[PDB]
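Just one chain follows, in the form solved without ligand XM0, and it is written as C-alpha cells.
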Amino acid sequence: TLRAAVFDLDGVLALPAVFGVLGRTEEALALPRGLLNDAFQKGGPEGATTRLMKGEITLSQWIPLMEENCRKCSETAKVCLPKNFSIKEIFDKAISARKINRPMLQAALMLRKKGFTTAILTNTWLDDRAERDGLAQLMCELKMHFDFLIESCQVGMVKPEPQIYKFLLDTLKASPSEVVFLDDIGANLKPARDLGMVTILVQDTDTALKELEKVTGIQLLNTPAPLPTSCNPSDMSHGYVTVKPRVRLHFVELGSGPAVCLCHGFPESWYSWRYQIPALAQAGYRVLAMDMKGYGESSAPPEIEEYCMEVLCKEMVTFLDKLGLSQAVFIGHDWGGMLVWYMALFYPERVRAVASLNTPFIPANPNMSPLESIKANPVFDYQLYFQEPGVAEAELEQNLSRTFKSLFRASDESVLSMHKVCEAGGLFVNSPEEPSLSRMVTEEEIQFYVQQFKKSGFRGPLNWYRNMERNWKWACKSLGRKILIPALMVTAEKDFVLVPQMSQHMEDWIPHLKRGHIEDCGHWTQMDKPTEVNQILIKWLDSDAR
C-alpha cells in the first residue's frame, strides 16, 4: 500500500518547464531543432550542466560554459547564432515565467492531508543571479506544503543516478512499493520504476492526476474548492513587546513588505486570523497578528480602565514605536474593528490604511449616555450582561470547550440567540452542554482556544466592554473629525449582531470609504468565509495600501 508521494519540480509542480523554453527559443530564433537542448546536455555525466546540478558550480559560473557549448553546437550544425544571443536573458525569462502548477500542488496537499509523506525531488542549481529572489520565493511557497525537499545541488547527486533514489528512500523511511513518483522526464522515472516504485510520466496534469487518484484510491480531481493555508502555532515566529511595566503584547509574524497589523475580536486570539496570515504574507505583506491585551500570551491586568480604547490605542502606538514601525495597515474584526477605527481617528499618521470586518464606524452621540444607546437595540443586550464583573466570567470559564464550540458556529448552526441574555440569565442557558462540532472548526482548533484561555480567562477580554462611559467621553473629542486615510468596511450578510445595515451612514464620516460584502457569512468572518476575506483584503491592500 502507498504511503509516500514524490513530485519533481520542473514540468510537474512548476509550469512551464525550462526544457520547453529551450525548444521555444529555438523556434523563435529559427535555429536548428534541438540545438539549445543539445548544448544544454553536452558532455552528459561529465558536462557543465551535471556539475551545475550537483552543486560543483553556481548558475552564474555555468552561463559562459553553456554559451561555449552553444557556439560548439552551432559550428557543427554549420549555422550562425544571432548577434544578440544571450543565455542569461533566455534563462532569466524562463525562470521568471515558471509558475506553481496549482492543481498539482492541490493534489499533493490532499495526499498529505490523508496521511501521505510528501517530498519534492529536484535536479536544481545554486542560483546566484541578480534576479535569484523570484526562484527563492517560488521555492519558499512550494516547500512549506511538503515533508521533504531534496535538491540535487545540495546532495551532490542527480537524477537519473541510482544513488539519489536510494537517498530519497532513506529520507522517506519507506520501501519502494510504498512510493508514487511523478516526473515529466522518462529517463528520470526509469530508476524509480526499476527499484519497484509506482511511477507516473507527467505530460498534461489532468491525466497524471487521474493516474495518481487511480493508484492512491484518494479523490484528487473534481474535488471541492479547498480552504486557504492555515497556521501551525508551533511553526510561527512569535514576537513579544513590553509596551509598559506590567504590559507585554504577543504577536505572530510572517512575511516581508508593508506592515499589516491584524486585530481580533471577542473572545478570540491571533489564531482567528490563521487563514489570512499565510495568504497576506504570500501577497507581499509583513503580517503582525496580535494577541490583543487580555488575551493568549499578551498580558492580562485585572483593572477595568486598562482596557479603555484610549489606553488600548496608546499601547498599540507604543508597540509600533518599539518595533521601529512608523506605520502599519490596521485590520480589525469585532472589538479589533472598533480599535482600528479609533487608531485612524486619533493616530492617522501611524495608520497606513484601515479595514474593519463587521464592526461599523458610528460616531458617539454626545446627547445620549452609551448605556442608554445600548438599551435601545435588543441585539446589544449581551453587552449589558457583560457589565457586572464576575457574572459573564463564571459562565464563560465554567467549561471552555463548551464556550468555544457554542460561540464558533456558521450562520445555519447557531445555538445562541443573543437576545434576552440578561432575562435568560446567560449566553448558554438555552444551549446544549455538549455542542456538536461546527463545520468551521476542528476539535484541535477548538482545543487551541481552550489552551489559550486557561492562562487569563475572560476578565481582561470582558473588560473591553466595561469602559462605555470612558470610551464615549474620549470618542466625543473626535466628533469634528472625518476619516480621510484609505479605509475599507467589510460587511457580513448573516452577522445578526453586527448587521450590515448598521454601517449604512459611514460615508458621512469616511467619504472615500471602500466596501466589501460577504454573502452567507456569520459573525466569525475570518473562519466562516476565509477564501473571500482573503480575496477582499488582498485586492484592497494592493490597490490602497501599496
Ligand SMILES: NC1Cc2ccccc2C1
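Heads up, when I say rigid core I mean the largest set of C-alphas that superpose within 1.5 Å between the two forms. So that there is no doubt, residue numbering starts at 1 and follows the sequence shown.
- Averaged over structures and residues, the CA distance from the shown form in 9 other deposited structures of this protein after a core fit is larger for 423 to 431, of the two stretches 423 to 431 and 225 to 233.
- Larger average C-alpha displacement in 9 other deposited structures of this protein, relative to the shown form after a rigid core fit, is seen for 406 to 414 when comparing 406 to 414 with 264 to 272.
- 183 to 191 and 232 to 240 differ in mean CA B-factor, and the higher of the two is recorded for 183 to 191.
- Higher average CA B factor: 388 to 396, of the stretches 388 to 396 and 273 to 281.
- Comparing the listed residues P302, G156, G196, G324, the entry records the largest Cα B-factor for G196.
- Comparing the C-alpha B-factors of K482, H517, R33, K514 in the entry, the top value falls on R33.
- When the modelled residues of the chain are ordered by C-alpha B-factor, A4 sits in the highest third.
- Sort the chain's modelled residues by C-alpha temperature factor and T117 lands in the middle third, per the entry.
- Among all modelled residues in this chain, the alpha-carbon of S298 has a temperature factor (C-alpha) in the lowest third.
- Among all modelled residues in its chain, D508 ranks in the middle third by Cα B-factor.
- In the deposited entry, the Cα temperature factor of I331 sits in the bottom third of values across the chain's modelled residues.
Note that the form deposited with ligand XM0 bound isn't included here; everything after this is about it.
- Among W335, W273, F251, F181, the residue placing a heavy atom within 4.5 Å of ligand XM0 in the deposited complex is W335.
- Site annotation in the deposited complex: the residue of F146, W472, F319, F448 reaching within 4.5 Å of ligand XM0 with a heavy atom is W472.
- Residue contact with ligand XM0 in the deposited complex: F453 places no heavy atom within 4.5 Å of it.
- In the deposited complex, ligand XM0 sits beyond 4.5 Å of every heavy atom of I218.
- Among heavy atoms of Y342, some come within 4.5 Å of ligand XM0 in the deposited complex.
- Remark: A364 counts among the residues lining ligand XM0 in the deposited complex, judged by a heavy atom distance of 4.5 Å or less.
- Heavy atoms within 4.5 Å of ligand XM0 in the deposited complex map, among the stretches 280 to 288, 233 to 241, 102 to 110, 464 to 472, onto 464 to 472 alone.
- If you take 285 to 316 and check each residue for a heavy atom within 4.5 Å of ligand XM0 in the deposited complex, you get just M309.
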